[PDB]
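Q: Take this structure, written in C-alpha cells, and hold onto it; I'll ask about it next.
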Amino acid sequence: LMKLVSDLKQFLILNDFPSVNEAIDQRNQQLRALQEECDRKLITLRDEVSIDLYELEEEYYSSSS
Amino acid sequence: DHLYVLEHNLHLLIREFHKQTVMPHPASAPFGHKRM
Amino acid sequence: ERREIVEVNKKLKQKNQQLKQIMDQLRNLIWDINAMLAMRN
C-alpha cells in the first residue's frame with residue numbers, strides 16, 4: 001500500500017498537475033538559442049558565398065574569346 | 001523550387017497560426033489589435 | 001601556331017562552361033538562402 005501510494009503520488013506530481021511550468025520556458029530558451037545560432041551561421045555562409053560569387057562574376061563576365 | 005517554396009508555405013501556415021493567437025498594452029477592455 | 005591558339009580557345013571555352021555551370025548552382029543557393037531566411041518569423 002505504501003509503494004502504491006508513493007507511485008500514485010509521483011504519478012500525479014510528475015506531469016498531471018505540476019505547477020512547475022518553467023521547463024517549457026527552458027526548452028523555449030534552448031530552442032531559440034539553437035535557431036539563432038543556425039540563422040547566424042546561415043547568414044555568415046550566405047555573406048561569404050555572395051563575396052565569392054561577386055569575385056567570380058567579375059572574372060566570368062569580363063572574359064570571353 | 002522543389003524545396004524552398006515548401007518551407008516557405010509551411011512557415012506561412014505556421015505564421016497564420018501564430019497570428020491567430022498582439023498584446024496591445026490594454027487597460028480597460030480593448031482586446032484587439034494595435035493597428036486596428 | 002594557329003592550332004595551339006585554337007586548342008587554347010577550346011580549353012578556355014570548356015573552362016568557361018564549367019564556370020557557368022558552377023555559378024548557376026552558386027546563385028541558386030544564394031537566392032534560396034536569402035529568400036528562406038527572409039520569410040522567418
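How things are named: the first chain in the C-alpha cells is A, the next is B, and so on; residues count from 1 in each chain; ligands count from 1 in the order shown.
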Hey, what does DSSP flag as alpha helix (DSSP H) within chain A? Can you give it to me as a PyMOL selection string?

A: chain A and resi 2-11+22-60

Q: Could you pull the residues within 9 Å of stretch 11-27 of chain C, counting only C-alpha atoms, minus those fewer than 3 positions along the same chain, as a list in words?

A: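 So the residues in contact are residues 49, 50, 53, 56, 57, 60, 63, 64 and 65 of chain A; 6, 7, 8, 30, 31 and 32 of chain C.
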
Q: Just write the chosen residues, C-alpha atoms, as a PDB file, in the first residue's frame.

A:
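Below is the file that was written, selection_35.pdb:
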```pdb
ATOM      1  CA  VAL A  49      29.107  32.921 -50.713  1.00  0.00           C
ATOM      2  CA  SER A  50      27.986  36.310 -52.035  1.00  0.00           C
ATOM      3  CA  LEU A  53      30.102  34.926 -56.190  1.00  0.00           C
ATOM      4  CA  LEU A  56      33.761  35.013 -59.602  1.00  0.00           C
ATOM      5  CA  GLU A  57      31.317  37.051 -61.692  1.00  0.00           C
ATOM      6  CA  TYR A  60      33.483  35.291 -65.709  1.00  0.00           C
ATOM      7  CA  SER A  63      36.416  37.129 -70.088  1.00  0.00           C
ATOM      8  CA  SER A  64      35.291  35.681 -73.417  1.00  0.00           C
ATOM      9  CA  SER A  65      37.057  34.653 -76.618  1.00  0.00           C
TER      10      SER A  65
ATOM     11  CA  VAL C   6      42.540  27.100 -81.369  1.00  0.00           C
ATOM     12  CA  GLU C   7      43.172  24.413 -78.748  1.00  0.00           C
ATOM     13  CA  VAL C   8      43.700  27.056 -76.056  1.00  0.00           C
ATOM     14  CA  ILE C  30      22.321  32.340 -52.715  1.00  0.00           C
ATOM     15  CA  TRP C  31      18.733  33.023 -53.793  1.00  0.00           C
ATOM     16  CA  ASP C  32      17.433  30.073 -51.772  1.00  0.00           C
TER      17      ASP C  32
END
```

Q: Mind dumping a table of every chain A residue within 12 Å of chain C, with the nearest atom pair and its distance in Å to one decimal, using only C-alpha atoms, sorted by chain and rising number, as CSV?

A:
```
residue,atom,partner,partner_atom,distance
A:32,CA,C:41,CA,11.8
A:35,CA,C:40,CA,10.7
A:36,CA,C:40,CA,11.1
A:38,CA,C:37,CA,10.4
A:39,CA,C:37,CA,7.5
A:40,CA,C:37,CA,10.2
A:41,CA,C:37,CA,11.3
A:42,CA,C:33,CA,7.5
A:43,CA,C:37,CA,8.2
A:44,CA,C:33,CA,10.9
A:45,CA,C:33,CA,9.1
A:46,CA,C:30,CA,6.2
A:47,CA,C:30,CA,8.9
A:48,CA,C:30,CA,10.1
A:49,CA,C:30,CA,7.1
A:50,CA,C:30,CA,6.9
A:51,CA,C:30,CA,10.7
A:52,CA,C:26,CA,9.3
A:53,CA,C:26,CA,7.0
A:54,CA,C:27,CA,10.0
A:55,CA,C:23,CA,11.2
A:56,CA,C:23,CA,8.0
A:57,CA,C:23,CA,8.1
A:58,CA,C:23,CA,11.8
A:59,CA,C:19,CA,10.0
A:60,CA,C:16,CA,7.2
A:61,CA,C:20,CA,9.7
A:62,CA,C:16,CA,11.2
A:63,CA,C:16,CA,8.6
A:64,CA,C:13,CA,8.0
A:65,CA,C:9,CA,6.8
```

Q: If you take only C-alpha atoms and a cut-off of 9 Å, which residues of chain C touch stretch 5-13 of chain B, and what are their nearest atom pairs and distances in Å to one decimal, in chain and number order, as a tab-separated table?

A:
```
residue	atom	partner	partner_atom	distance
C:35	CA	B:8	CA	8.8
C:36	CA	B:8	CA	6.7
C:39	CA	B:8	CA	6.7
C:40	CA	B:11	CA	7.4
C:41	CA	B:11	CA	8.1
```

Q: Just to be explicit: take each residue in the selection above, keep C-alpha atoms, and write the result as a PDB file, in the first residue's frame.

A:
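Ended up saving to selection_19.pdb:
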```pdb
ATOM      1  CA  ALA C  35      14.707  34.079 -49.684  1.00  0.00           C
ATOM      2  CA  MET C  36      14.225  31.426 -46.995  1.00  0.00           C
ATOM      3  CA  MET C  39      10.358  34.506 -44.500  1.00  0.00           C
ATOM      4  CA  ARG C  40      11.442  33.937 -40.886  1.00  0.00           C
ATOM      5  CA  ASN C  41       9.132  34.993 -38.049  1.00  0.00           C
TER       6      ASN C  41
END
```

Q: Interatomic distance between atom CA of residue B:30 and atom CA of residue B:15?

A: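 Calculated distance between atom CA of residue B:30 and atom CA of residue B:15 is 23.4 Å.
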